[PDB]
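In what follows, a structure is listed as structure tokens, so that the remarks can point back to it.
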Amino acid sequence: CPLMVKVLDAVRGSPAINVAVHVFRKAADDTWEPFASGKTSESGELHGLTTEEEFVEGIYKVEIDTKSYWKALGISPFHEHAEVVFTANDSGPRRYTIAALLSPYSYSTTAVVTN
Amino acid sequence: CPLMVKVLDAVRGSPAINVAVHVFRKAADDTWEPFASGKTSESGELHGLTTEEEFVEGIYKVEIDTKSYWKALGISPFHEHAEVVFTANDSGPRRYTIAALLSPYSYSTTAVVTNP
Amino acid sequence: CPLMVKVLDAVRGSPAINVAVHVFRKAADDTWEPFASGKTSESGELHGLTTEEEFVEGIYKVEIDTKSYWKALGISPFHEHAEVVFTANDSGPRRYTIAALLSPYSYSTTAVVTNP
Amino acid sequence: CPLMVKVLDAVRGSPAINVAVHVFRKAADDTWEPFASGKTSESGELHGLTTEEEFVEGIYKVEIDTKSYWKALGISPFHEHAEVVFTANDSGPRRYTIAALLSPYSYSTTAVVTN
Ligand SMILES: O=c1cc(-c2ccc(O)c(O)c2)oc2cc(Cl)cc(O)c12
Ligand SMILES: O=c1cc(-c2ccc(O)c(O)c2)oc2cc(Cl)cc(O)c12
Ligand code: NA
Ligand code: NA
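Residue numbers (the numbering used here), protein chains in the order written: chain A, 1 to 115; chain B, 116 to 231; chain C, 232 to 347; chain D, 348 to 462.
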């Protein structure tokens, strides 16, 4: 599993469950092309987005649909979504976890990249 | 000042100085049209991007060029940039401060929104 | 102003107003002696805690009373308080801004340290 | 496992490995009494701190020794340590994860409390 996404809710102190996540890969024409997507699980995680074969070097965007999450909880939010944009780099073996910690008017994102 | 951007460096405990910032507004055809740009000052702040007249309702994107900032400090960071996307002024004019706290493999961002 | 505290509310996107803050300094006997206290203003800021003369070298603790803040907004939060512990002025006087960004089950804190 | 601690490094994009963590429980005399401790693993985690039997309601402090972590990496830090103080509350079955994301001049902590 070369790419995993984990989303946490700082208001409820819980995983952020059933959050839509869309991954895009930058194309040669510099547009964003759909790459993978899903909804976070009961543990706030989304696994199985891609494979080592498909996840080649390039620029990727992970879009987390935070606004719909806050709306569905009856809470007013600031952002349309959280976007995480990064270059995948081969530099020996690699696994990427994109984590996000959500509040209505703030989010934090970190990358945990391990071998 | 209806839109201000403040950027801090969590490695040095300092304002993040000379960080490029580009603001876009979603157009009627769903494209991101350039709206304003600038660079943070020695206080980590960017003022004067727009005016209450210009800053109409819409969906805005604030792109903060974090990668260039880190590379200049000798660090190869994770993110290309930090992007903040939000609807503004849809209940009338507000003042927005977009703050970002930067680390090489993480950032946070928060909005402070006040009613003048 | 050598020590300032700024507190923001990540639920409302606003300054965190009326938050109690207590500052302590570690004494020669390793106890935490009260040093200064106050409450954040309508801008979320607390100024005037100390002076360059009073704010000598030492280990300081800034306790921010986040639990009371949230309970007053109807929220039962996780943390009792947010505590920020740091050595100050050990290379001469500096100006410290201690910032905190609050959510019911999370907080962050960062320091901005400048040399006057 | 009613209490777990997870520590991440925002400078290296990695778990924070071999970080000392001390847990205290507030005593009747309002002093902090040592409760459990350990060092984070290669995954930045510390498991096995306590048991359901021992982890009764009360006020707890988790102290993460961030200064020694940054010093050992050759990096100058701001804080002496990060402290997380909370009340454990029985309210049906519960598991507490105390997570921290570390930078030299900033840290973020969140609680993930699940059943
Ligand atoms: O404290 C945190 C904890 C975690 C976290 C990340 C992955 C996990 O499996 C987990 O249990 C917790 O991610 C964060 C991610 C961010 Cl961006 C900020 C944080 O403070 C945290
Ligand atoms: O601690 C912080 C402090 C500030 C901050 C500091 C000074 C300001 O005038 C302001 O508007 C914001 O912004 C943050 C912004 C974020 Cl996203 C996270 C933080 O921890 C902070
Ligand atoms: Na409207
Ligand atoms: Na000294």
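Ideal placement from N, C-alpha and C gives every residue a C-beta, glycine not left out.
Check, Outcome
"CA-to-CA distance, residue 212 of chain B to residue 415 of chain D, given in whole angstroms", "35 Å"
"Residue 330 of chain C and residue 254 of chain C closer than 9 Å at C-beta", "no"
"Selection of the region 403-437 of chain D by Cβ proximity to chain C, strictly under 8 Å", "406, 425, 426, 427, 428, 430, 431, 432, 433, 434"
"CB of residue 426 of chain D within 9 Å of CB of residue 342 of chain C, strictly", "yes"
"Where residue 75 of chain A falls, given that 16 or more other Cβ within 10 Å makes a residue buried", "exposed"
"Cβ-based contacts, 9 Å cut-off: residues of the region 117-149 of chain B near chain D", "123, 124, 125, 126, 127, 128, 129"
"Which listed residue (C:240, C:241, C:246, C:323) has its alpha carbon closest to that of residue 286 of chain C", "C:323"
"Any chain C beta carbon closer than 9 Å to residue 223 of chain B", "yes"
"Residue 220 of chain B and residue 357 of chain D closer than 9 Å at C-beta", "yes"
"Minimum Cβ-Cβ distance from residue 229 of chain B to chain C less than 9 Å", "yes"
"Residue 322 of chain C Cβ short of 8 Å to ligand 4 heavy atom set", "yes"
"Interface flag, residue 161 of chain B vs chain C, CB-CB below 9 Å", "no"
"Sheet register partners of residue 213 of chain B (DSSP bridge)", "B:120, B:226"
"Within-9 Å CB hit, residue 105 of chain A to chain C", "yes"
"Residue 457 of chain D Cβ short of 8 Å to ligand 2 heavy atom set", "no"
"Residue from B:173, B:216, B:179 whose Cα sits closest to the Cα of residue 144 of chain B", "B:173"
"Closest Cα partner of residue 308 of chain C within the set A:46, A:48, A:12", "A:12"
"Within chain A, the residues that residue 332 of chain C reaches when beta carbons sit closer than 7 Å", "106"
"Element boundaries [beta strand (DSSP E), containing residue 416 of chain D]", "That residue, residue 416 of chain D, is in no beta strand (DSSP E); its alpha helix (DSSP H) goes 413-419."
"Per DSSP, cross-strand counterpart(s) of residue 87 of chain A", "A:59"
"For residue 394 of chain D, three-class secondary structure by DSSP", "coil"
"Distance, residue 109 of chain A Cα to residue 378 of chain D Cα", "36 Å"
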